[PDB]
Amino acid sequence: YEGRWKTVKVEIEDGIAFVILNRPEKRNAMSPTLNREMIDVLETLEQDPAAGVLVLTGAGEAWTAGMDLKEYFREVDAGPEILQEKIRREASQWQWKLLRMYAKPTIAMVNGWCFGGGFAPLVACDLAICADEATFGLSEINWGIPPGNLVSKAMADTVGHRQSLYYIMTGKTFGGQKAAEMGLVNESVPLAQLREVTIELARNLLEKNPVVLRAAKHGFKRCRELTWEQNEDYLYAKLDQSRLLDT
């Protein structure tokens, strides 16, 4: 994995795969290059047995500062309209299509700045711990666009109706304690203890049968979309599928 990707670094320690967004000089802004590389990282790590749990984090002071306004636009305008379709799909592909129902447990370790488009993979990640010192913001409004991709849904899934509208509509920033209070993350802790808390959580997840864990996490995310009567069918099916697959 060393030197494999230009904009991401992967460090696998004893079952825990740290996936590190690695454009710290651009505050880990999500360029099309990065989107395409994160797709390869998630696919590759899915099939790597040494990666039992994934921790998504950022190099330097940012977690991610959102979409790369420059490189995204640079590539999009260099091509015909239909290029935008491909470029948008690639962002969705790693941010949540692969990530939201990922085969392996995932934890967002939010060490610093998290803006705009970063909310989608933040929520696609199963659980999330952040630094008190981290700063969040849905700054789309202040740039003259509504939240794009699945950002507004990420909010809708995790943060109350009123709170979600306040932050989307104002673009106002908030810290890690506020993010845990509003339910965006599981926990906010001082940055000095971020890695410790995250690793403790990752090892607790490593204790469980991966196939059983997958059945439980996926079934929970899906169940929110189904009625009780539909869930009776769906949730038992996931139960039974787990039993078949769990080996």
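Counting begins at 1, following the sequence as shown.
The stretch with the higher mean CA B factor, choosing between 77 to 85 and 164 to 172, is 77 to 85. Across the two stretches, 65 to 73 and 185 to 193, the PDB entry reports the greater mean Cα temperature factor for 65 to 73. Which of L138, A156, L122, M101 has the largest Cα B-factor in the deposited entry comes down to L138. Split the chain's modelled residues into thirds by C-alpha temperature factor. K221 is in the lowest one. Among all modelled residues in this chain, the alpha-carbon of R36 has a temperature factor (C-alpha) in the highest third.
Ranked against the other modelled residues of its chain, the C-alpha B-factor of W113 as given in the entry falls in the middle third. When the modelled residues of the chain are ordered by their C-alpha B factor, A128 lands in the lowest third.
Ranked against the other modelled residues of its chain, the C-alpha B-factor of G144 as given in the entry falls in the highest third.
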